[PDB]
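Q: What follows is a single structure, and I will ask about it in a moment.
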Amino acid sequence: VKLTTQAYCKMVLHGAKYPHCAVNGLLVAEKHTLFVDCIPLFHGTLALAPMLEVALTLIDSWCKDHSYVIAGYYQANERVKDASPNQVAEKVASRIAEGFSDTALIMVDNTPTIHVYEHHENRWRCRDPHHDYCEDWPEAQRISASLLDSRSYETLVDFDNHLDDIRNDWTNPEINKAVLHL
Amino acid sequence: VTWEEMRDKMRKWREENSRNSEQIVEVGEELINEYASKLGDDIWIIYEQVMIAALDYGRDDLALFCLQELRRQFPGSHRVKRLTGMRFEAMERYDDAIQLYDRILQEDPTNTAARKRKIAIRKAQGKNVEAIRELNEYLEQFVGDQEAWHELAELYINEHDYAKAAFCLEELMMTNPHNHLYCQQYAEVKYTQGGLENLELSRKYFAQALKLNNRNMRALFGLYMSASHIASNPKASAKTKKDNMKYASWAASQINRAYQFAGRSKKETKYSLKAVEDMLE
């Protein structure tokens, strides 16, 4: 229900690296739930099955060895006003629900600025209209800007950039390595 | 760096349809002042490239600056009118844009940029049900536009109408048969569309993309996942089953070698240990 400064900073960095395009990834955690970090998957046209179902296994193979487990899924729509979840968000959340309970469907509202929908027997209903819980807002807002002003998103890499060149690390070592000292 | 390199960079970022607006405007703002005299009639295409990029960057302090210097040199030009319409649309003024484009279409009825900006608003306003129809009409008028034929595929994929997106990707693959990306995206559409009647095409196309570009890895993963999906199908015959289990093994014998060379390139990190445990399943 809470996100770590690393998860939030990686989310905002991937969202800023491709503003014109959509943003998607998988929030993975340790095995009440805290989102330690996210693995950003793709951008642009996301309504495609094979590359999305490859990321499932190619991230599980890393998390099972790194003692991690995938907990949630975030999406950022192309438009700046529309933040309603598409069919893809539901179809991916239902897939992780069968392997890990308490799945959170995150919608990055471009114009806080984050919605969290939870499934309770009927649908996916958000909680941001009522209230959204985080560990500490000012710390995250400071450390995010600290990496934003330096234009560090140009250095960030996601799974789509990794499928182009394997020399790129989808786990973002050089990002959280700077996050720890800030 | 010298201006003769900045010009080459601004030409390369224009040949390929890149959208790195920040890095484009950072170099354009210099060429507007620091090297305006070193290049002659090359400054107008740079103005057009910098205005549209600064619009994405959300900096109108340079958009209007590059727009007025184009309105002065080319008075009444149709490209500069399109730039003005795009600026209107970026400043949320969707009302004057339609009138400007109808005024443009009445002088030169063969104009197409106005026809495309007339659907750019519909994509921006969210009327994708209307945008797809207005784009299909334009395609019925101007066939062969290999940009609108891909925007239509994108709109159909976002609309989850995977059936008709294949009809556009085929029109794209007939004109660019040497482009592996058009094969990969068609293989993905066939994969997402249906089952055995479509996986049989997706497996072929994920392999044709590899044959056209042996450095493609998305096509390799697609071929592996499409061969496994036909191997694990109940309606699959024993012949198709064993051929698919051969294709999958042949693809996995190269996935690890690619990852082995990748892990060899990085003396610190070893990536071979990541994918191999997945290939044995």
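Following the order of the structure tokens, first chain is A, next is B, and so on, with residues numbered from 1 inside each chain and ligands from 1 in the order they appear.
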Excluding same-chain residues fewer than 5 positions from region 127-143 of chain A, what lies within 9 Å of it counting only C-alpha atoms, as a ChimeraX atom specification?

A: /A:1-6,8-9,112-118,148,179,182

Q: At a cut-off of 8 Å, list the chain B residues touching chain A, using only C-alpha atoms, as a PDB file with N, CA, C and O atoms, in the first residue's frame.

A:
```
ATOM      1  N   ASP B  56       6.367  20.323 -28.187  1.00  0.00           N
ATOM      2  CA  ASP B  56       6.379  19.158 -27.309  1.00  0.00           C
ATOM      3  C   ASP B  56       7.073  19.451 -25.987  1.00  0.00           C
ATOM      4  O   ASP B  56       6.635  18.955 -24.945  1.00  0.00           O
ATOM      5  N   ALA B 124      -6.485  13.965 -30.258  1.00  0.00           N
ATOM      6  CA  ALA B 124      -6.216  14.710 -29.036  1.00  0.00           C
ATOM      7  C   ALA B 124      -7.472  14.917 -28.202  1.00  0.00           C
ATOM      8  O   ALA B 124      -7.391  14.951 -26.969  1.00  0.00           O
ATOM      9  N   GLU B 154      -1.909   1.906 -35.399  1.00  0.00           N
ATOM     10  CA  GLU B 154      -1.798   2.283 -33.993  1.00  0.00           C
ATOM     11  C   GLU B 154      -3.162   2.545 -33.370  1.00  0.00           C
ATOM     12  O   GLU B 154      -3.438   2.083 -32.256  1.00  0.00           O
ATOM     13  N   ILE B 157      -4.980  -0.775 -32.898  1.00  0.00           N
ATOM     14  CA  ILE B 157      -4.428  -1.574 -31.811  1.00  0.00           C
ATOM     15  C   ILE B 157      -4.841  -0.992 -30.465  1.00  0.00           C
ATOM     16  O   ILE B 157      -5.190  -1.726 -29.534  1.00  0.00           O
ATOM     17  N   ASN B 158      -4.815   0.338 -30.344  1.00  0.00           N
ATOM     18  CA  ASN B 158      -5.287   0.963 -29.112  1.00  0.00           C
ATOM     19  C   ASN B 158      -6.780   0.743 -28.911  1.00  0.00           C
ATOM     20  O   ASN B 158      -7.241   0.624 -27.771  1.00  0.00           O
ATOM     21  N   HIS B 160      -8.190  -1.931 -29.685  1.00  0.00           N
ATOM     22  CA  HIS B 160      -8.308  -3.380 -29.528  1.00  0.00           C
ATOM     23  C   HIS B 160      -9.045  -4.024 -30.698  1.00  0.00           C
ATOM     24  O   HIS B 160      -9.650  -5.090 -30.556  1.00  0.00           O
ATOM     25  N   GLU B 188       3.352  -9.683 -34.082  1.00  0.00           N
ATOM     26  CA  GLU B 188       2.751  -9.405 -32.782  1.00  0.00           C
ATOM     27  C   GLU B 188       1.237  -9.266 -32.878  1.00  0.00           C
ATOM     28  O   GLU B 188       0.509  -9.745 -32.000  1.00  0.00           O
ATOM     29  N   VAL B 189       0.746  -8.618 -33.936  1.00  0.00           N
ATOM     30  CA  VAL B 189      -0.695  -8.463 -34.113  1.00  0.00           C
ATOM     31  C   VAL B 189      -1.351  -9.820 -34.322  1.00  0.00           C
ATOM     32  O   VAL B 189      -2.411 -10.110 -33.755  1.00  0.00           O
ATOM     33  N   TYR B 191      -0.192 -12.661 -33.274  1.00  0.00           N
ATOM     34  CA  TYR B 191      -0.098 -13.356 -31.996  1.00  0.00           C
ATOM     35  C   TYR B 191      -1.230 -12.943 -31.065  1.00  0.00           C
ATOM     36  O   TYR B 191      -1.895 -13.790 -30.459  1.00  0.00           O
ATOM     37  N   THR B 192      -1.459 -11.638 -30.940  1.00  0.00           N
ATOM     38  CA  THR B 192      -2.505 -11.138 -30.059  1.00  0.00           C
ATOM     39  C   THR B 192      -3.909 -11.380 -30.604  1.00  0.00           C
ATOM     40  O   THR B 192      -4.866 -11.383 -29.822  1.00  0.00           O
ATOM     41  N   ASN B 216      17.917  -8.667 -34.612  1.00  0.00           N
ATOM     42  CA  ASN B 216      16.651  -8.427 -33.935  1.00  0.00           C
ATOM     43  C   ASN B 216      16.452  -9.460 -32.835  1.00  0.00           C
ATOM     44  O   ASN B 216      16.561 -10.665 -33.077  1.00  0.00           O
ATOM     45  N   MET B 217      16.162  -8.986 -31.625  1.00  0.00           N
ATOM     46  CA  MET B 217      15.894  -9.880 -30.507  1.00  0.00           C
ATOM     47  C   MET B 217      14.416  -9.981 -30.170  1.00  0.00           C
ATOM     48  O   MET B 217      13.973 -11.031 -29.687  1.00  0.00           O
ATOM     49  N   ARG B 218      13.647  -8.917 -30.403  1.00  0.00           N
ATOM     50  CA  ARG B 218      12.202  -8.999 -30.222  1.00  0.00           C
ATOM     51  C   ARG B 218      11.602 -10.067 -31.124  1.00  0.00           C
ATOM     52  O   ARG B 218      10.725 -10.827 -30.700  1.00  0.00           O
ATOM     53  N   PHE B 221      12.423 -13.504 -29.540  1.00  0.00           N
ATOM     54  CA  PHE B 221      11.533 -13.831 -28.431  1.00  0.00           C
ATOM     55  C   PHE B 221      10.133 -14.156 -28.934  1.00  0.00           C
ATOM     56  O   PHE B 221       9.486 -15.086 -28.439  1.00  0.00           O
ATOM     57  N   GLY B 222       9.649 -13.396 -29.917  1.00  0.00           N
ATOM     58  CA  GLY B 222       8.362 -13.693 -30.515  1.00  0.00           C
ATOM     59  C   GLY B 222       8.303 -15.050 -31.178  1.00  0.00           C
ATOM     60  O   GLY B 222       7.310 -15.763 -31.018  1.00  0.00           O
ATOM     61  N   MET B 225       8.207 -17.717 -28.320  1.00  0.00           N
ATOM     62  CA  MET B 225       6.915 -17.768 -27.651  1.00  0.00           C
ATOM     63  C   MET B 225       5.784 -18.200 -28.574  1.00  0.00           C
ATOM     64  O   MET B 225       4.764 -18.697 -28.085  1.00  0.00           O
ATOM     65  N   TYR B 259      22.896 -13.761 -25.278  1.00  0.00           N
ATOM     66  CA  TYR B 259      23.096 -13.369 -23.890  1.00  0.00           C
ATOM     67  C   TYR B 259      24.486 -13.730 -23.385  1.00  0.00           C
ATOM     68  O   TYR B 259      25.024 -13.019 -22.531  1.00  0.00           O
ATOM     69  N   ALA B 262      26.637 -11.012 -24.622  1.00  0.00           N
ATOM     70  CA  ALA B 262      26.315  -9.816 -23.849  1.00  0.00           C
ATOM     71  C   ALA B 262      27.005  -9.837 -22.489  1.00  0.00           C
ATOM     72  O   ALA B 262      27.636  -8.854 -22.085  1.00  0.00           O
ATOM     73  N   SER B 265      30.602  -9.191 -22.861  1.00  0.00           N
ATOM     74  CA  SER B 265      30.918  -7.783 -23.074  1.00  0.00           C
ATOM     75  C   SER B 265      31.047  -7.029 -21.758  1.00  0.00           C
ATOM     76  O   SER B 265      31.889  -6.131 -21.640  1.00  0.00           O
ATOM     77  N   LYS B 266      30.229  -7.372 -20.764  1.00  0.00           N
ATOM     78  CA  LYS B 266      30.298  -6.744 -19.445  1.00  0.00           C
ATOM     79  C   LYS B 266      31.043  -7.692 -18.515  1.00  0.00           C
ATOM     80  O   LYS B 266      30.483  -8.680 -18.036  1.00  0.00           O
ATOM     81  N   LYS B 274      20.509 -15.474 -16.329  1.00  0.00           N
ATOM     82  CA  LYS B 274      19.147 -14.977 -16.171  1.00  0.00           C
ATOM     83  C   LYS B 274      18.153 -15.662 -17.101  1.00  0.00           C
ATOM     84  O   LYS B 274      17.071 -16.064 -16.660  1.00  0.00           O
ATOM     85  N   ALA B 275      18.494 -15.805 -18.383  1.00  0.00           N
ATOM     86  CA  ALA B 275      17.532 -16.320 -19.351  1.00  0.00           C
ATOM     87  C   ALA B 275      17.579 -17.838 -19.474  1.00  0.00           C
ATOM     88  O   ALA B 275      16.564 -18.454 -19.818  1.00  0.00           O
ATOM     89  N   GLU B 277      17.767 -20.259 -17.253  1.00  0.00           N
ATOM     90  CA  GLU B 277      16.824 -20.930 -16.364  1.00  0.00           C
ATOM     91  C   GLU B 277      15.393 -20.840 -16.873  1.00  0.00           C
ATOM     92  O   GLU B 277      14.554 -21.654 -16.476  1.00  0.00           O
ATOM     93  N   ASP B 278      15.100 -19.869 -17.737  1.00  0.00           N
ATOM     94  CA  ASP B 278      13.793 -19.760 -18.369  1.00  0.00           C
ATOM     95  C   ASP B 278      13.681 -20.638 -19.609  1.00  0.00           C
ATOM     96  O   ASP B 278      12.595 -21.141 -19.914  1.00  0.00           O
TER      97      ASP B 278
END
```

Q: Excluding residue 28 (chain A) and its own-chain neighbours fewer than 3 positions away, which residues fall within 9 Å of it when counting only C-alpha atoms? Please give them as a PyMOL selection string.

A: chain A and resi 7+35-39+63+68-73

Q: Have a look at CA of residue 83 (chain B) and CA of residue 134 (chain B) and let me know their distance in Å, one decimal.

A: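 Distance between the two atoms: 21.1 Å.
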
Q: Name all residues at most 12 Å from residue 22 (chain B) (count only C-alpha atoms; drop same-chain ones fewer than 3 positions away) and give them as a PyMOL selection string.

A: (chain A and resi 16-19+151+153-154) or (chain B and resi 13+18-19+25-29+50-59)

Q: For the residues in that selection, give me C-alpha atoms as a compact mmCIF listing (two decimals), in the first residue's frame.

A:
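Saved file selection.txt follows:
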```
# COMPACT_ATOMS: atom_id res chain seq x y z
CA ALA A 16 9.48 11.75 -17.91
CA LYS A 17 11.80 9.95 -20.34
CA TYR A 18 8.92 9.36 -22.80
CA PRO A 19 6.31 12.08 -22.17
CA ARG A 151 18.06 15.21 -16.53
CA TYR A 153 15.82 10.18 -17.17
CA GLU A 154 18.02 10.34 -20.27
CA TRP B 13 17.30 13.84 -35.96
CA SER B 18 12.83 11.19 -33.52
CA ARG B 19 10.89 13.05 -30.84
CA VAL B 25 15.53 22.36 -28.88
CA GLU B 26 18.78 22.57 -26.90
CA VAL B 27 20.72 22.51 -30.19
CA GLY B 28 18.18 24.52 -32.17
CA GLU B 29 18.18 27.49 -29.79
CA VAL B 50 12.67 23.42 -33.72
CA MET B 51 9.17 24.91 -33.47
CA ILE B 52 7.38 21.54 -33.44
CA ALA B 53 9.91 20.19 -30.93
CA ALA B 54 9.67 23.17 -28.57
CA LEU B 55 5.90 22.66 -28.72
CA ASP B 56 6.38 19.16 -27.31
CA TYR B 57 8.87 20.62 -24.81
CA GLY B 58 6.17 23.05 -23.64
CA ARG B 59 8.22 26.19 -24.36
```

Q: Could you check the closest approach to residue 108 (chain A) for each of A:32, A:123, A:81, A:91 and tell me which residue wins, using only C-alpha atoms?

A: A:81

Q: For the strand (DSSP E or B) assignment from backbone DSSP, which residues of chain A qualify? Please present them as a ChimeraX atom specification.

A: /A:2-3,23-30,34-35,37-43,68-76,104-108,114-119,124-126

Q: Now that the selection is made, can you save its residues with N, CA and C atoms as a CSV table (one decimal), in the first residue's frame?

A:
```csv
chain,number,residue,atom,x,y,z
A,2,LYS,N,2.1,1.1,0.4
A,2,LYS,CA,3.1,2.2,0.4
A,2,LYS,C,4.2,1.9,-0.7
A,3,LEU,N,4.7,2.9,-1.3
A,3,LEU,CA,5.8,2.8,-2.2
A,3,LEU,C,7.1,3.4,-1.7
A,23,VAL,N,3.4,4.8,-20.5
A,23,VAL,CA,4.4,4.3,-19.6
A,23,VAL,C,3.8,3.1,-18.8
A,24,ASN,N,4.5,2.0,-18.8
A,24,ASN,CA,4.0,0.8,-18.1
A,24,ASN,C,5.2,0.1,-17.5
A,25,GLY,N,4.9,-0.6,-16.4
A,25,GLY,CA,5.9,-1.4,-15.7
A,25,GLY,C,5.3,-2.3,-14.6
A,26,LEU,N,6.1,-3.0,-13.9
A,26,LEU,CA,5.7,-3.9,-12.9
A,26,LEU,C,6.4,-3.6,-11.6
A,27,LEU,N,5.6,-3.2,-10.6
A,27,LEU,CA,6.1,-2.9,-9.2
A,27,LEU,C,6.4,-4.3,-8.5
A,28,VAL,N,7.7,-4.5,-8.2
A,28,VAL,CA,8.1,-5.8,-7.6
A,28,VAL,C,8.5,-5.5,-6.1
A,29,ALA,N,8.2,-6.4,-5.2
A,29,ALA,CA,8.4,-6.3,-3.8
A,29,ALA,C,9.1,-7.5,-3.2
A,30,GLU,N,9.4,-7.4,-2.0
A,30,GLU,CA,10.0,-8.6,-1.2
A,30,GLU,C,8.9,-9.5,-0.7
A,34,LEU,N,4.8,-3.2,0.8
A,34,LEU,CA,5.5,-2.0,0.4
A,34,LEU,C,6.2,-2.2,-0.9
A,35,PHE,N,6.0,-1.2,-1.8
A,35,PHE,CA,6.5,-1.3,-3.2
A,35,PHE,C,8.0,-0.7,-3.1
A,37,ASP,N,10.5,-1.2,-5.5
A,37,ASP,CA,11.0,-0.7,-6.8
A,37,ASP,C,10.1,-1.3,-7.9
A,38,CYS,N,10.2,-0.7,-9.1
A,38,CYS,CA,9.5,-1.1,-10.3
A,38,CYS,C,10.5,-1.4,-11.4
A,39,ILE,N,10.1,-2.3,-12.3
A,39,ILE,CA,10.8,-2.6,-13.5
A,39,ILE,C,9.9,-2.0,-14.7
A,40,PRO,N,10.4,-1.0,-15.3
A,40,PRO,CA,9.7,-0.4,-16.4
A,40,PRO,C,9.8,-1.2,-17.7
A,41,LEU,N,8.6,-1.6,-18.3
A,41,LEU,CA,8.6,-2.5,-19.4
A,41,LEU,C,8.7,-1.9,-20.8
A,42,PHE,N,7.7,-1.1,-21.2
A,42,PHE,CA,7.6,-0.6,-22.5
A,42,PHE,C,7.1,0.8,-22.6
A,43,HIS,N,6.8,1.3,-23.8
A,43,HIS,CA,6.3,2.6,-24.0
A,43,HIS,C,5.6,2.6,-25.4
A,68,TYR,N,12.7,-11.5,-4.7
A,68,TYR,CA,11.6,-10.5,-4.9
A,68,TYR,C,10.4,-11.2,-5.4
A,69,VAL,N,9.3,-10.5,-5.4
A,69,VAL,CA,8.0,-11.0,-5.9
A,69,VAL,C,7.2,-9.8,-6.5
A,70,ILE,N,6.6,-10.0,-7.6
A,70,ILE,CA,5.9,-8.9,-8.3
A,70,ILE,C,4.6,-8.6,-7.6
A,71,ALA,N,4.3,-7.4,-7.3
A,71,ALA,CA,3.2,-7.0,-6.5
A,71,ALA,C,2.1,-6.2,-7.2
A,72,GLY,N,2.5,-5.3,-8.1
A,72,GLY,CA,1.6,-4.4,-8.7
A,72,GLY,C,2.0,-4.0,-10.1
A,73,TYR,N,1.1,-3.2,-10.8
A,73,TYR,CA,1.3,-2.8,-12.1
A,73,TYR,C,0.8,-1.4,-12.3
A,74,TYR,N,1.7,-0.5,-12.9
A,74,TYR,CA,1.4,0.9,-13.1
A,74,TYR,C,1.3,1.2,-14.6
A,75,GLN,N,0.5,2.2,-14.9
A,75,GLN,CA,0.3,2.6,-16.3
A,75,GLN,C,0.1,4.1,-16.3
A,76,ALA,N,0.6,4.8,-17.4
A,76,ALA,CA,0.4,6.2,-17.6
A,76,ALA,C,-0.1,6.4,-19.0
A,104,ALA,N,-2.3,-4.0,-6.9
A,104,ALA,CA,-2.7,-2.6,-7.0
A,104,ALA,C,-2.5,-2.2,-8.5
A,105,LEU,N,-3.6,-1.6,-9.0
A,105,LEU,CA,-3.6,-1.1,-10.4
A,105,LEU,C,-3.3,0.4,-10.3
A,106,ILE,N,-2.1,0.9,-10.7
A,106,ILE,CA,-1.7,2.3,-10.5
A,106,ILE,C,-1.9,3.0,-11.8
A,107,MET,N,-2.5,4.2,-11.7
A,107,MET,CA,-2.8,5.1,-12.9
A,107,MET,C,-2.0,6.4,-12.6
A,108,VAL,N,-1.0,6.7,-13.4
A,108,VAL,CA,-0.2,7.9,-13.2
A,108,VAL,C,-1.0,9.1,-13.8
A,114,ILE,N,-1.3,10.3,-8.5
A,114,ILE,CA,-1.3,8.8,-8.7
A,114,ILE,C,-2.6,8.3,-8.1
A,115,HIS,N,-3.2,7.4,-8.9
A,115,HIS,CA,-4.4,6.7,-8.4
A,115,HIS,C,-4.0,5.2,-8.2
A,116,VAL,N,-4.7,4.6,-7.2
A,116,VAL,CA,-4.5,3.2,-6.9
A,116,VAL,C,-5.8,2.5,-6.8
A,117,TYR,N,-6.1,1.6,-7.8
A,117,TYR,CA,-7.3,0.9,-7.8
A,117,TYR,C,-7.1,-0.5,-7.3
A,118,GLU,N,-8.0,-1.0,-6.4
A,118,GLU,CA,-8.0,-2.3,-5.8
A,118,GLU,C,-9.2,-3.0,-6.2
A,119,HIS,N,-9.1,-4.3,-6.4
A,119,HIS,CA,-10.2,-5.2,-6.8
A,119,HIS,C,-10.8,-5.9,-5.5
A,124,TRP,N,-12.5,-2.7,-10.2
A,124,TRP,CA,-11.3,-2.0,-9.8
A,124,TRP,C,-11.7,-0.6,-9.4
A,125,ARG,N,-11.7,-0.3,-8.1
A,125,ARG,CA,-12.1,1.0,-7.6
A,125,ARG,C,-10.9,1.7,-7.0
A,126,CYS,N,-10.8,3.0,-7.3
A,126,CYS,CA,-9.6,3.7,-6.9
A,126,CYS,C,-9.8,4.2,-5.4
```

Q: So how many Å separate CA of residue 231 (chain B) and CA of residue 245 (chain B), to one decimal?

A: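 Between these atoms lies a distance of 6.1 Å.
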
Q: Any idea what the distance is between CA of residue 46 (chain B) and CA of residue 135 (chain B)?

A: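 These atoms are spaced 28.8 Å apart.
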
Q: Could you pull out the helix (DSSP H, G or I) residues of region 6-115 of chain A from DSSP and send them as a ChimeraX atom specification?

A: /A:6-17,49-63,87-97

Q: Just the residues within 9 Å of residue 152 (chain A), please, counting only C-alpha atoms, with nothing from its chain fewer than 5 positions along; format it as a list in words.

A: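 Selected residues are residues 13, 17, 147 and 175 of chain A.
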
Q: I need the residues from that last selection saved to file as a JSON list (two decimals), in the first residue's frame (with N, CA and C atoms), if you can.

A:
```json
[["chain", "number", "residue", "atom", "x", "y", "z"],
["A", 13, "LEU", "N", 10.76, 8.91, -13.32],
["A", 13, "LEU", "CA", 11.83, 9.04, -14.31],
["A", 13, "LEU", "C", 11.43, 8.39, -15.62],
["A", 17, "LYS", "N", 10.93, 10.26, -19.21],
["A", 17, "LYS", "CA", 11.80, 9.95, -20.34],
["A", 17, "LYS", "C", 11.03, 9.88, -21.65],
["A", 147, "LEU", "N", 16.69, 14.27, -9.06],
["A", 147, "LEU", "CA", 17.10, 13.53, -10.24],
["A", 147, "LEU", "C", 16.48, 14.09, -11.51],
["A", 175, "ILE", "N", 20.67, 4.00, -11.16],
["A", 175, "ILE", "CA", 19.62, 4.91, -10.72],
["A", 175, "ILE", "C", 19.44, 4.78, -9.21]]
```

Q: Excluding residue 149 (chain B) and any residue of its chain fewer than 2 positions from it, enumerate the residues within 8 Å of it, using only C-alpha atoms, and give them as an mmCIF file with C-alpha atoms, in the first residue's frame.

A:
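After the write, part-v3.cif holds the following:
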```
data_model
loop_
_atom_site.group_PDB
_atom_site.id
_atom_site.type_symbol
_atom_site.label_atom_id
_atom_site.label_comp_id
_atom_site.auth_asym_id
_atom_site.auth_seq_id
_atom_site.Cartn_x
_atom_site.Cartn_y
_atom_site.Cartn_z
ATOM 1 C CA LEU B 139 -6.937 6.866 -46.824
ATOM 2 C CA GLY B 144 -0.224 4.923 -50.308
ATOM 3 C CA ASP B 145 0.446 7.329 -47.431
ATOM 4 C CA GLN B 146 2.776 5.094 -45.409
ATOM 5 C CA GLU B 147 2.427 7.371 -42.356
ATOM 6 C CA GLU B 151 -1.220 5.708 -37.546
ATOM 7 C CA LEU B 152 -4.336 3.723 -38.463
ATOM 8 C CA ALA B 153 -2.685 0.518 -37.247
ATOM 9 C CA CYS B 168 -3.148 -1.892 -42.469
ATOM 10 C CA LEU B 169 0.064 -3.675 -41.521
ATOM 11 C CA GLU B 171 -0.613 -2.592 -46.774
ATOM 12 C CA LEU B 172 2.550 -1.421 -45.008
#
```
